[PDB]
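Content type compact mmCIF, C-alpha atoms, from the file input_1.txt:
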```
# COMPACT_ATOMS: atom_id res chain seq x y z
CA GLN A 21 6.19 -28.40 16.11
CA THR A 22 3.01 -28.69 14.01
CA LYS A 23 1.17 -26.61 16.53
CA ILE A 24 3.42 -23.49 16.61
CA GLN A 25 4.52 -23.71 12.98
CA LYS A 26 0.94 -23.02 11.88
CA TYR A 27 1.07 -19.86 13.99
CA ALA A 28 3.60 -18.39 11.56
CA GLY A 29 0.57 -17.98 9.27
CA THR A 30 1.58 -16.99 5.73
CA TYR A 31 5.22 -17.27 6.92
CA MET A 32 4.71 -21.00 7.64
CA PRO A 33 7.08 -23.15 5.55
CA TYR A 34 5.37 -25.33 2.97
CA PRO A 35 3.93 -28.37 4.82
CA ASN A 36 5.21 -31.91 4.60
CA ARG A 37 3.72 -33.74 1.62
CA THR A 38 4.18 -37.24 0.22
CA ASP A 39 3.78 -38.58 -3.32
CA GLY A 47 -6.67 -44.99 -15.66
CA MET A 48 -5.79 -42.18 -13.26
CA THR A 49 -3.84 -39.89 -15.60
CA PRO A 50 -4.57 -36.20 -16.30
CA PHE A 51 -4.01 -34.62 -19.72
CA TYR A 52 -3.37 -31.07 -18.43
CA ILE A 53 -2.34 -29.27 -15.25
CA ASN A 54 -3.18 -25.60 -14.65
CA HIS A 55 -1.04 -24.12 -11.87
CA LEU A 56 -0.53 -21.03 -9.72
CA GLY A 57 2.25 -21.06 -7.14
CA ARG A 58 3.60 -18.57 -4.67
CA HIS A 59 7.41 -18.26 -4.52
CA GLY A 60 9.12 -20.57 -2.02
CA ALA A 61 10.31 -19.65 1.49
CA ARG A 62 11.98 -16.22 1.46
CA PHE A 63 14.06 -13.77 3.49
CA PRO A 64 12.26 -10.85 5.18
CA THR A 65 11.59 -8.01 2.78
CA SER A 66 12.29 -5.24 5.28
CA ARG A 67 14.57 -4.31 8.15
CA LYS A 68 11.86 -2.27 9.91
CA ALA A 69 10.86 -4.92 12.46
CA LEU A 70 14.52 -5.66 13.26
CA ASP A 71 15.24 -1.95 13.71
CA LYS A 72 12.27 -1.50 16.06
CA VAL A 73 13.40 -4.33 18.34
CA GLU A 74 17.02 -3.13 18.35
CA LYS A 75 16.02 0.46 19.12
CA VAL A 76 13.87 -0.57 22.10
CA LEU A 77 16.59 -2.84 23.52
CA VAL A 78 19.42 -0.33 23.07
CA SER A 79 17.40 2.40 24.79
CA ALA A 80 16.64 0.02 27.66
CA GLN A 81 20.33 -0.83 28.00
CA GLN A 82 21.02 2.87 28.54
CA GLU A 83 18.58 3.00 31.47
CA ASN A 84 19.43 -0.32 33.20
CA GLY A 85 16.33 -1.80 31.61
CA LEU A 86 17.50 -5.19 30.34
CA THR A 87 17.39 -8.63 31.89
CA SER A 88 20.08 -11.19 30.97
CA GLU A 89 17.87 -12.69 28.27
CA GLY A 90 17.27 -9.15 27.03
CA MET A 91 21.02 -8.66 26.60
CA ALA A 92 21.23 -12.00 24.77
CA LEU A 93 18.32 -10.96 22.55
CA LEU A 94 20.10 -7.71 21.66
CA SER A 95 23.25 -9.54 20.54
CA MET A 96 21.17 -11.96 18.50
CA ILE A 97 19.21 -9.13 16.84
CA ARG A 98 22.45 -7.38 15.87
CA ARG A 99 23.74 -10.64 14.42
CA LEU A 100 20.56 -11.18 12.38
CA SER A 101 20.97 -7.64 11.05
CA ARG A 102 24.37 -8.62 9.66
CA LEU A 103 23.15 -11.93 8.26
CA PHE A 104 20.14 -10.35 6.52
CA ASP A 105 22.18 -7.54 4.95
CA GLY A 106 22.04 -7.70 1.17
CA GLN A 107 19.63 -10.66 1.37
CA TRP A 108 16.29 -8.86 1.75
CA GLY A 109 13.40 -10.55 -0.07
CA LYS A 110 15.50 -13.26 -1.69
CA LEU A 111 14.43 -16.88 -2.14
CA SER A 112 16.18 -19.03 0.44
CA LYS A 113 17.72 -22.47 0.00
CA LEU A 114 14.60 -23.86 1.72
CA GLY A 115 12.40 -22.08 -0.83
CA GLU A 116 14.34 -23.75 -3.64
CA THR A 117 13.95 -27.20 -2.08
CA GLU A 118 10.25 -26.49 -1.59
CA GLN A 119 9.80 -25.93 -5.34
CA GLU A 120 11.88 -29.01 -6.16
CA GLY A 121 9.61 -31.07 -3.93
CA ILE A 122 6.42 -29.74 -5.55
CA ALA A 123 7.75 -30.46 -9.04
CA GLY A 124 9.14 -33.83 -7.96
CA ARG A 125 5.87 -35.09 -6.51
CA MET A 126 3.94 -33.88 -9.56
CA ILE A 127 6.31 -35.84 -11.80
CA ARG A 128 6.11 -39.06 -9.76
CA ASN A 129 2.31 -38.80 -9.38
CA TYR A 130 1.67 -38.10 -13.11
CA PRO A 131 4.67 -39.50 -15.01
CA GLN A 132 2.80 -40.08 -18.28
CA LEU A 133 1.74 -36.42 -18.50
CA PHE A 134 5.36 -35.20 -18.46
CA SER A 135 6.88 -38.08 -20.43
CA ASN A 136 8.16 -38.13 -24.03
CA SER A 137 8.28 -34.60 -25.51
CA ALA A 138 5.63 -32.99 -23.30
CA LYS A 139 5.31 -29.18 -23.64
CA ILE A 140 5.15 -26.91 -20.60
CA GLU A 141 4.95 -23.17 -20.17
CA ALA A 142 5.89 -21.18 -17.08
CA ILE A 143 5.49 -17.48 -16.24
CA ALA A 144 6.57 -15.37 -13.27
CA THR A 145 6.23 -11.82 -12.03
CA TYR A 146 9.18 -9.44 -12.27
CA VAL A 147 10.05 -10.09 -8.61
CA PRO A 148 13.34 -12.05 -8.31
CA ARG A 149 12.20 -14.55 -5.65
CA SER A 150 9.31 -15.55 -7.93
CA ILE A 151 11.61 -15.85 -10.95
CA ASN A 152 14.07 -17.93 -8.93
CA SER A 153 11.19 -20.12 -7.72
CA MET A 154 10.10 -20.77 -11.30
CA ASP A 155 13.67 -21.73 -12.16
CA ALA A 156 14.03 -24.11 -9.20
CA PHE A 157 10.77 -25.73 -10.34
CA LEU A 158 11.69 -25.92 -14.05
CA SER A 159 15.22 -27.18 -13.36
CA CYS A 160 13.73 -30.07 -11.40
CA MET A 161 11.35 -30.85 -14.29
CA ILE A 162 14.09 -30.69 -16.94
CA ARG A 163 16.47 -32.84 -14.86
CA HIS A 164 13.75 -35.52 -14.67
CA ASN A 165 12.95 -35.24 -18.40
CA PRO A 166 15.44 -33.33 -20.59
CA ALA A 167 13.14 -34.05 -23.56
CA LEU A 168 10.54 -31.60 -22.22
CA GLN A 169 9.77 -28.59 -24.43
CA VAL A 170 9.76 -25.50 -22.21
CA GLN A 171 8.70 -21.88 -22.60
CA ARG A 172 9.92 -19.57 -19.79
CA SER A 173 8.97 -15.92 -19.44
CA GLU A 174 8.44 -13.30 -16.77
CA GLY A 175 7.99 -9.62 -16.12
CA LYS A 176 5.67 -6.67 -15.84
CA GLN A 177 3.75 -7.90 -18.89
CA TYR A 178 2.00 -10.30 -16.48
CA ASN A 179 1.04 -7.60 -13.95
CA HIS A 180 -2.60 -7.75 -15.06
CA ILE A 181 -2.99 -11.43 -14.08
CA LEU A 182 -0.31 -11.88 -11.41
CA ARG A 183 -0.14 -8.46 -9.68
CA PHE A 184 -3.71 -7.18 -10.07
CA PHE A 185 -3.52 -6.09 -6.41
CA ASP A 186 -1.16 -3.29 -7.55
CA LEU A 187 -3.30 -2.10 -10.46
CA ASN A 188 -6.76 -1.45 -8.96
CA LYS A 189 -6.77 2.07 -7.51
CA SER A 190 -9.80 1.50 -5.25
CA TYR A 191 -8.18 -1.62 -3.81
CA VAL A 192 -4.79 0.06 -3.30
CA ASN A 193 -6.54 2.85 -1.36
CA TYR A 194 -8.45 0.24 0.65
CA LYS A 195 -5.25 -1.68 1.39
CA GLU A 196 -3.39 1.44 2.56
CA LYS A 197 -6.09 3.29 4.53
CA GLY A 198 -9.42 1.43 4.36
CA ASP A 199 -11.83 0.70 7.21
CA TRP A 200 -10.16 -2.61 8.05
CA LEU A 201 -7.27 -0.80 9.80
CA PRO A 202 -9.21 0.37 12.91
CA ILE A 203 -10.66 -3.12 13.27
CA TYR A 204 -7.22 -4.73 13.08
CA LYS A 205 -5.65 -2.25 15.52
CA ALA A 206 -8.46 -2.74 18.04
CA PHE A 207 -8.13 -6.52 17.67
CA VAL A 208 -4.36 -6.37 18.29
CA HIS A 209 -4.94 -4.21 21.35
CA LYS A 210 -7.35 -6.75 22.78
CA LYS A 211 -5.53 -9.95 21.75
CA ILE A 212 -1.89 -9.06 22.41
CA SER A 213 -0.95 -8.87 26.09
CA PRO A 214 2.64 -7.59 25.84
CA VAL A 215 3.64 -7.35 29.52
CA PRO A 216 4.27 -11.10 30.12
CA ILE A 217 6.30 -11.24 26.90
CA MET A 218 8.33 -8.10 27.60
CA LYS A 219 9.07 -9.18 31.19
CA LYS A 220 11.34 -11.81 29.65
CA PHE A 221 13.65 -9.12 28.28
CA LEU A 222 12.88 -5.83 30.04
CA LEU A 223 12.73 -4.70 33.65
CA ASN A 224 9.62 -2.71 34.56
CA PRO A 225 7.75 -3.49 31.31
CA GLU A 226 4.64 -1.90 32.84
CA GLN A 227 6.22 1.56 32.41
CA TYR A 228 5.95 1.27 28.61
CA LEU A 229 2.89 2.78 26.94
CA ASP A 230 0.56 0.12 25.52
CA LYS A 231 1.19 1.38 21.98
CA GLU A 232 4.98 1.21 22.08
CA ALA A 233 4.72 -2.08 23.98
CA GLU A 234 2.50 -3.62 21.30
CA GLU A 235 4.76 -2.38 18.50
CA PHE A 236 7.82 -3.92 20.19
CA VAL A 237 6.12 -7.26 20.71
CA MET A 238 4.61 -7.38 17.19
CA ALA A 239 7.98 -6.53 15.63
CA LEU A 240 9.62 -9.28 17.71
CA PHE A 241 7.01 -11.83 16.61
CA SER A 242 7.69 -10.80 12.98
CA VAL A 243 11.42 -11.49 13.29
CA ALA A 244 10.82 -14.83 14.99
CA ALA A 245 8.15 -15.78 12.45
CA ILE A 246 10.28 -15.25 9.32
CA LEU A 247 13.48 -16.91 10.61
CA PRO A 248 12.52 -20.55 9.74
CA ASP A 249 12.12 -19.40 6.12
CA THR A 250 15.72 -18.14 5.78
CA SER A 251 17.66 -21.46 6.11
CA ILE A 252 19.75 -19.78 8.84
CA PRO A 253 20.37 -22.32 11.67
CA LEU A 254 19.00 -20.01 14.37
CA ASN A 255 15.65 -20.30 16.10
CA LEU A 256 13.60 -17.80 18.12
CA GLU A 257 10.24 -19.59 18.42
CA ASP A 258 10.98 -20.21 22.11
CA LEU A 259 10.87 -16.49 22.85
CA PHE A 260 7.12 -17.18 23.17
CA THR A 261 4.71 -19.72 24.62
CA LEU A 262 2.23 -21.64 22.51
CA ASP A 263 -0.59 -19.39 23.76
CA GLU A 264 1.35 -16.23 22.92
CA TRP A 265 1.99 -17.60 19.41
CA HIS A 266 -1.70 -18.48 19.14
CA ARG A 267 -2.75 -14.91 19.97
CA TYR A 268 -0.21 -13.37 17.57
CA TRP A 269 -1.37 -15.68 14.78
CA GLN A 270 -4.99 -14.70 15.37
CA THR A 271 -4.11 -11.03 14.80
CA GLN A 272 -2.10 -11.73 11.62
CA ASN A 273 -4.75 -14.10 10.27
CA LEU A 274 -7.35 -11.35 10.69
CA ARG A 275 -5.04 -8.86 8.96
CA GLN A 276 -4.72 -11.11 5.89
CA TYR A 277 -8.45 -11.92 5.88
CA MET A 278 -9.64 -8.30 5.94
CA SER A 279 -6.97 -6.77 3.67
CA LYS A 280 -6.79 -9.54 1.06
CA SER A 281 -9.89 -11.79 1.24
CA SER A 282 -13.67 -11.88 1.74
CA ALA A 283 -14.15 -9.91 4.98
CA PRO A 284 -17.45 -7.94 5.02
CA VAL A 285 -15.51 -4.74 5.74
CA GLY A 286 -13.86 -5.13 2.34
CA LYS A 287 -17.19 -5.65 0.51
CA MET A 288 -15.38 -8.36 -1.56
CA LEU A 289 -13.25 -5.73 -3.34
CA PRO A 290 -10.06 -7.66 -2.36
CA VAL A 291 -11.45 -10.80 -4.00
CA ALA A 292 -13.07 -9.27 -7.07
CA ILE A 293 -9.74 -7.88 -8.33
CA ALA A 294 -8.60 -11.45 -9.07
CA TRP A 295 -11.03 -12.08 -11.94
CA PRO A 296 -8.47 -11.61 -14.78
CA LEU A 297 -6.44 -14.52 -13.43
CA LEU A 298 -9.48 -16.78 -13.08
CA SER A 299 -10.44 -15.81 -16.63
CA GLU A 300 -6.94 -16.65 -17.91
CA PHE A 301 -7.06 -20.02 -16.08
CA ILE A 302 -10.31 -20.85 -17.87
CA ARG A 303 -9.00 -19.71 -21.26
CA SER A 304 -5.76 -21.71 -21.09
CA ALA A 305 -7.70 -24.87 -20.16
CA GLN A 306 -10.27 -24.30 -22.90
CA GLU A 307 -7.49 -23.78 -25.45
CA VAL A 308 -5.89 -27.10 -24.52
CA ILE A 309 -9.27 -28.86 -24.72
CA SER A 310 -9.97 -27.41 -28.17
CA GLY A 311 -6.47 -27.98 -29.61
CA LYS A 312 -5.71 -24.27 -29.97
CA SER A 313 -2.96 -25.02 -27.42
CA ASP A 314 -0.97 -28.23 -27.11
CA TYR A 315 0.60 -27.58 -23.69
CA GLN A 316 0.58 -30.36 -21.12
CA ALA A 317 0.88 -27.80 -18.31
CA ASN A 318 0.80 -24.06 -17.58
CA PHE A 319 2.72 -22.94 -14.48
CA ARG A 320 2.59 -19.48 -12.88
CA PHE A 321 4.81 -18.13 -10.09
CA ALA A 322 3.73 -15.15 -8.00
CA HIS A 323 2.77 -14.05 -4.48
CA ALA A 324 0.54 -14.57 -1.45
CA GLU A 325 -1.31 -11.49 -2.70
CA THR A 326 -2.09 -13.43 -5.89
CA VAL A 327 -3.05 -16.74 -4.28
CA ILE A 328 -5.34 -15.53 -1.47
CA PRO A 329 -7.93 -13.60 -3.56
CA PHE A 330 -7.67 -16.14 -6.41
CA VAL A 331 -8.62 -18.97 -4.04
CA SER A 332 -11.48 -16.94 -2.56
CA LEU A 333 -12.82 -16.02 -6.00
CA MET A 334 -12.76 -19.71 -7.02
CA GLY A 335 -14.99 -20.37 -4.00
CA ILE A 336 -12.94 -23.23 -2.55
CA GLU A 337 -14.98 -24.01 0.52
CA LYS A 338 -14.34 -21.87 3.62
CA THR A 339 -12.02 -19.48 1.77
CA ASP A 340 -14.71 -16.98 0.64
CA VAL A 341 -16.64 -16.96 3.94
CA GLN A 342 -17.93 -13.50 4.92
CA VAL A 343 -17.62 -13.47 8.71
CA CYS A 344 -19.12 -10.42 10.37
CA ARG A 345 -17.52 -10.88 13.80
CA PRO A 346 -13.72 -10.40 13.82
CA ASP A 347 -13.24 -12.69 16.83
CA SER A 348 -14.83 -15.55 14.87
CA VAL A 349 -12.63 -15.31 11.75
CA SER A 350 -9.93 -17.70 12.94
CA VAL A 351 -12.49 -20.47 13.49
CA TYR A 352 -13.63 -20.31 9.88
CA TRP A 353 -10.69 -18.98 7.82
CA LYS A 354 -7.03 -20.00 8.31
CA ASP A 355 -4.28 -18.27 6.35
CA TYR A 356 -1.76 -21.10 6.88
CA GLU A 357 -4.14 -23.56 5.16
CA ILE A 358 -4.44 -21.19 2.20
CA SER A 359 -1.15 -19.32 1.63
CA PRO A 360 1.88 -20.76 3.43
CA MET A 361 5.23 -20.29 1.73
CA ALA A 362 5.20 -21.98 -1.71
CA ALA A 363 1.37 -22.10 -1.57
CA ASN A 364 -0.03 -23.45 -4.80
CA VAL A 365 -3.26 -24.30 -6.63
CA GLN A 366 -3.36 -27.04 -9.28
CA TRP A 367 -6.27 -27.85 -11.60
CA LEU A 368 -5.89 -31.42 -12.90
CA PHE A 369 -7.94 -32.28 -16.01
CA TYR A 370 -9.01 -35.82 -16.99
CA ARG A 371 -10.91 -37.42 -19.87
CA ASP A 372 -12.99 -40.47 -18.94
CA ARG A 373 -13.77 -43.36 -21.31
CA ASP A 374 -16.90 -41.56 -22.56
CA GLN A 375 -14.60 -38.60 -23.44
CA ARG A 376 -16.16 -36.32 -20.83
CA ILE A 377 -13.87 -33.81 -19.08
CA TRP A 378 -13.42 -33.83 -15.29
CA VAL A 379 -11.31 -31.51 -13.13
CA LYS A 380 -9.73 -32.05 -9.69
CA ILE A 381 -8.70 -28.97 -7.67
CA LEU A 382 -5.65 -29.25 -5.38
CA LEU A 383 -4.88 -26.56 -2.82
CA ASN A 384 -1.38 -27.20 -1.46
CA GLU A 385 -1.55 -30.72 -2.98
CA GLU A 386 -4.79 -31.72 -1.18
CA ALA A 387 -8.20 -32.08 -2.82
CA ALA A 388 -10.39 -29.01 -2.42
CA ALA A 389 -14.18 -28.78 -2.51
CA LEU A 390 -16.41 -26.40 -4.52
CA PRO A 391 -20.03 -25.55 -3.54
CA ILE A 392 -21.40 -27.57 -6.47
CA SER A 393 -22.42 -31.20 -6.60
CA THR A 394 -20.54 -34.22 -7.88
CA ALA A 395 -21.21 -37.94 -7.56
CA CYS A 396 -17.47 -38.73 -7.57
CA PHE A 397 -15.66 -36.30 -5.30
CA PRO A 398 -12.93 -35.02 -5.65
CA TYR A 399 -13.61 -34.97 -9.44
CA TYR A 400 -16.00 -32.29 -10.72
CA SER A 401 -17.63 -31.96 -14.11
CA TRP A 402 -15.55 -29.39 -16.01
CA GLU A 403 -18.65 -28.10 -17.80
CA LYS A 404 -20.37 -27.41 -14.45
CA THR A 405 -17.17 -26.03 -12.90
CA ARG A 406 -16.53 -23.66 -15.80
CA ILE A 407 -20.11 -22.35 -15.63
CA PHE A 408 -19.63 -21.79 -11.90
CA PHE A 409 -16.30 -19.97 -12.39
CA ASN A 410 -17.82 -17.79 -15.13
CA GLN A 411 -20.55 -16.79 -12.67
CA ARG A 412 -17.86 -15.86 -10.12
CA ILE A 413 -16.09 -13.72 -12.72
CA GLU A 414 -19.35 -11.93 -13.58
CA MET A 415 -20.04 -11.33 -9.88
CA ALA A 416 -16.51 -9.93 -9.53
CA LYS A 417 -17.07 -7.50 -12.42
CA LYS A 418 -20.33 -6.31 -10.86
CA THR A 419 -18.61 -5.82 -7.50
CA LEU A 420 -15.88 -3.77 -9.17
CA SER A 421 -18.55 -1.63 -10.86
CA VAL A 422 -19.72 -0.38 -7.46
CA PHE A 423 -16.24 1.07 -7.05
CA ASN A 424 -16.58 2.30 -10.66
CA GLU A 425 -13.11 1.06 -11.55
```
How does the structure come out when it is put into structure tokens?
Amino acid sequence: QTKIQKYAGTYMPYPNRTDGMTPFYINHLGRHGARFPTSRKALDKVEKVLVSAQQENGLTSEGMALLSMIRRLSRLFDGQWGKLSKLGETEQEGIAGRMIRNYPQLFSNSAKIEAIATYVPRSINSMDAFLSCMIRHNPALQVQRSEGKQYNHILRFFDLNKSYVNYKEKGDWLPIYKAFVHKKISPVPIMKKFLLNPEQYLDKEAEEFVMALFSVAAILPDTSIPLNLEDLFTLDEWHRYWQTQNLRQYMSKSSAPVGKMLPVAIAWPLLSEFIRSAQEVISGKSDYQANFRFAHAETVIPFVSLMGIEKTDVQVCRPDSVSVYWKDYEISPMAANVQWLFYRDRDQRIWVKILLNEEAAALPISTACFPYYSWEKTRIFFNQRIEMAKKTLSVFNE
């Protein structure tokens, strides 16, 4: 299932992880856990195509079965749109649990932690699943919990930059994505499963039907509903779908040349706030043992690219090559998270280890003891990235 689950892309459930080496601070950004679909539009598209085909003797047996299943999913999703699922809660409990067992001294005694979230409920509920796990392990923790639009500048910067919002909604990446879909998605073999004479559908309505169907199948494992549609498609069909969605995320939210790094540059306030909270703990201005932050794929993807974690800021000029070099499911699955772990050696020098989804990440700077980087060198590097981001944003004036 490993192959196939990756092809859900940013809908992939958080992967399976297992549990003087003690950090003095953890700096965290996490996406909410596995969630319900946010929108009924894909479901409606599939249902409309199938009902119309039923009225013209257009359905196969499996098509009729699909129609009944789509109508059932409509009922099960009602009133649940965008919510954190039971799986998403367990995902946060696992991330907190492994952090506790890996670094028990950091969160022992009366350790102080702070957590923030956006105003979106699934992110608030993810923070609370995470904090409840921490408190249950150590009720003596001191905890500050807050959330809301006051954190839009660092957690929802993708909503606040007008040039980026215009790029996201109608920028030059759209024609590239649409042409890539049209060349990658062969809908006839898929549709023949459910529809008689699929060749009499226009390419455009055929692609929309198939893409909407993939979307429904792709989000279902995140809902905790005991229903599965991954078998509607072969492994090669899932591969081709994933390639189109991977390209969509890359060009709209990351370092694609067509975006001129505007999607990445907008993340600099969060990188700046990461640096400041660490520096305040190092100086004693802050006495937190950890800062946690709960937000969205749209936060994590540009933040990771701006950090320069290797591969994630690659600027690939040929769209067909993107999937070789940049993989959304390695960056922003459900419950995606970045952790900076800070250590003091016996000479009192500060080192940092970067974890992307709980695995050590590399930076394009040197170290003689990978995966630990000099914090002084890392901070200088990150400050250069922030300055580059500000210069990029100046070309778009705002």
>> Residues near range 343-346 of chain A, anyone? I mean within 7 Å using all atoms listed in the file, not counting same-chain ones fewer than 3 positions away, as a ChimeraX atom specification.
In response: /A:283-284,349
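Proximity ranking of A:382, A:377, A:331, A:142 relative to residue 305 in chain A places A:377 first, based on only C-alpha atoms.
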Residues near residue 348 in chain A, cut-off 10 Å, all atoms listed in the file, skip fewer than 5 positions along chain, as a tab-separated table (two decimals) with C-alpha atoms, in the coordinates of the input:
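Printed below is part.tsv as written:
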```tsv
chain	number	residue	atom	x	y	z
A	270	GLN	CA	-4.99	-14.70	15.37
A	274	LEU	CA	-7.35	-11.35	10.69
A	343	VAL	CA	-17.62	-13.47	8.71
A	353	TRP	CA	-10.69	-18.98	7.82
```
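Using only C-alpha atoms, the residues found no farther than 8 Å from residue 317 in chain A, other than those of its own chain fewer than 3 positions away, are residues 52, 53, 54, 55, 139, 140 and 141 of chain A.
For the choices A:405, A:171, A:165, A:65, the atom-to-atom distance to residue 135 in chain A is smallest for A:165 when using all atoms listed in the file.
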> Counting all atoms listed in the file, what is within 8 Å of residue 399 in chain A, bar same-chain residues fewer than 2 positions away, as an NGL selection string?
Replying inline: :A and (378-381 or 394 or 396-397 or 401)
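Distances to residue 117 in chain A were evaluated for A:391, A:60, A:47, A:335 using only C-alpha atoms, and the minimum falls at A:60.
What separates CA of residue 314 in chain A from CA of residue 409 in chain A is a distance of 22.8 Å.
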> Counting only C-alpha atoms, what is within 12 Å of range 181-190 of chain A, bar same-chain residues fewer than 6 positions away, as an NGL selection string?
Replying inline: :A and (56-58 or 143-147 or 150 or 174-175 or 196-198 or 279-281 or 286-301 or 319-330 or 419-425)
Write a file of the just-selected residues containing C-alpha atoms, as an mmCIF file, keeping the file's coordinate frame.
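Dumped everything to part_32.cif:
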```cif
data_model
loop_
_atom_site.group_PDB
_atom_site.id
_atom_site.type_symbol
_atom_site.label_atom_id
_atom_site.label_comp_id
_atom_site.auth_asym_id
_atom_site.auth_seq_id
_atom_site.Cartn_x
_atom_site.Cartn_y
_atom_site.Cartn_z
ATOM 1 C CA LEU A 56 -0.530 -21.030 -9.720
ATOM 2 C CA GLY A 57 2.250 -21.060 -7.140
ATOM 3 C CA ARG A 58 3.600 -18.570 -4.670
ATOM 4 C CA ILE A 143 5.490 -17.480 -16.240
ATOM 5 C CA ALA A 144 6.570 -15.370 -13.270
ATOM 6 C CA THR A 145 6.230 -11.820 -12.030
ATOM 7 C CA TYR A 146 9.180 -9.440 -12.270
ATOM 8 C CA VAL A 147 10.050 -10.090 -8.610
ATOM 9 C CA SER A 150 9.310 -15.550 -7.930
ATOM 10 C CA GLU A 174 8.440 -13.300 -16.770
ATOM 11 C CA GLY A 175 7.990 -9.620 -16.120
ATOM 12 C CA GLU A 196 -3.390 1.440 2.560
ATOM 13 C CA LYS A 197 -6.090 3.290 4.530
ATOM 14 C CA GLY A 198 -9.420 1.430 4.360
ATOM 15 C CA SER A 279 -6.970 -6.770 3.670
ATOM 16 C CA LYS A 280 -6.790 -9.540 1.060
ATOM 17 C CA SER A 281 -9.890 -11.790 1.240
ATOM 18 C CA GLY A 286 -13.860 -5.130 2.340
ATOM 19 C CA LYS A 287 -17.190 -5.650 0.510
ATOM 20 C CA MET A 288 -15.380 -8.360 -1.560
ATOM 21 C CA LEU A 289 -13.250 -5.730 -3.340
ATOM 22 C CA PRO A 290 -10.060 -7.660 -2.360
ATOM 23 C CA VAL A 291 -11.450 -10.800 -4.000
ATOM 24 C CA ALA A 292 -13.070 -9.270 -7.070
ATOM 25 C CA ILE A 293 -9.740 -7.880 -8.330
ATOM 26 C CA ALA A 294 -8.600 -11.450 -9.070
ATOM 27 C CA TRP A 295 -11.030 -12.080 -11.940
ATOM 28 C CA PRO A 296 -8.470 -11.610 -14.780
ATOM 29 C CA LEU A 297 -6.440 -14.520 -13.430
ATOM 30 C CA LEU A 298 -9.480 -16.780 -13.080
ATOM 31 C CA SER A 299 -10.440 -15.810 -16.630
ATOM 32 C CA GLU A 300 -6.940 -16.650 -17.910
ATOM 33 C CA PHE A 301 -7.060 -20.020 -16.080
ATOM 34 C CA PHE A 319 2.720 -22.940 -14.480
ATOM 35 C CA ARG A 320 2.590 -19.480 -12.880
ATOM 36 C CA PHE A 321 4.810 -18.130 -10.090
ATOM 37 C CA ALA A 322 3.730 -15.150 -8.000
ATOM 38 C CA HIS A 323 2.770 -14.050 -4.480
ATOM 39 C CA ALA A 324 0.540 -14.570 -1.450
ATOM 40 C CA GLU A 325 -1.310 -11.490 -2.700
ATOM 41 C CA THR A 326 -2.090 -13.430 -5.890
ATOM 42 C CA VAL A 327 -3.050 -16.740 -4.280
ATOM 43 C CA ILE A 328 -5.340 -15.530 -1.470
ATOM 44 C CA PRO A 329 -7.930 -13.600 -3.560
ATOM 45 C CA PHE A 330 -7.670 -16.140 -6.410
ATOM 46 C CA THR A 419 -18.610 -5.820 -7.500
ATOM 47 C CA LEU A 420 -15.880 -3.770 -9.170
ATOM 48 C CA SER A 421 -18.550 -1.630 -10.860
ATOM 49 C CA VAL A 422 -19.720 -0.380 -7.460
ATOM 50 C CA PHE A 423 -16.240 1.070 -7.050
ATOM 51 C CA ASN A 424 -16.580 2.300 -10.660
ATOM 52 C CA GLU A 425 -13.110 1.060 -11.550
#
```
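Distances from A:392, A:151, A:206, A:100 to residue 173 in chain A were compared using only C-alpha atoms, and the smallest one belongs to A:151.
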What would range 210-216 of chain A look like with N, CA, C and O atoms in place, written as a tab-separated table (two decimals), in the coordinates of the input?
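Okay, result_21.tsv is ready:
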```tsv
chain	number	residue	atom	x	y	z
A	210	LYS	N	-6.64	-5.87	21.87
A	210	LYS	CA	-7.35	-6.75	22.78
A	210	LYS	C	-6.73	-8.14	22.85
A	210	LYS	O	-6.82	-8.79	23.90
A	211	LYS	N	-6.07	-8.60	21.78
A	211	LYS	CA	-5.53	-9.95	21.75
A	211	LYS	C	-4.11	-10.03	22.30
A	211	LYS	O	-3.74	-11.05	22.89
A	212	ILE	N	-3.30	-9.00	22.09
A	212	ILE	CA	-1.89	-9.06	22.41
A	212	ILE	C	-1.71	-8.50	23.82
A	212	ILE	O	-1.96	-7.32	24.07
A	213	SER	N	-1.32	-9.36	24.76
A	213	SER	CA	-0.95	-8.87	26.09
A	213	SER	C	0.57	-8.82	26.15
A	213	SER	O	1.21	-9.87	26.31
A	214	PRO	N	1.18	-7.65	26.01
A	214	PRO	CA	2.64	-7.59	25.84
A	214	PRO	C	3.44	-7.72	27.12
A	214	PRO	O	4.60	-8.15	27.06
A	215	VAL	N	2.86	-7.37	28.28
A	215	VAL	CA	3.64	-7.35	29.52
A	215	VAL	C	4.29	-8.70	29.83
A	215	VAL	O	5.50	-8.72	30.11
A	216	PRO	N	3.58	-9.83	29.83
A	216	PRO	CA	4.27	-11.10	30.12
A	216	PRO	C	5.38	-11.41	29.13
A	216	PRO	O	6.38	-12.03	29.52
```
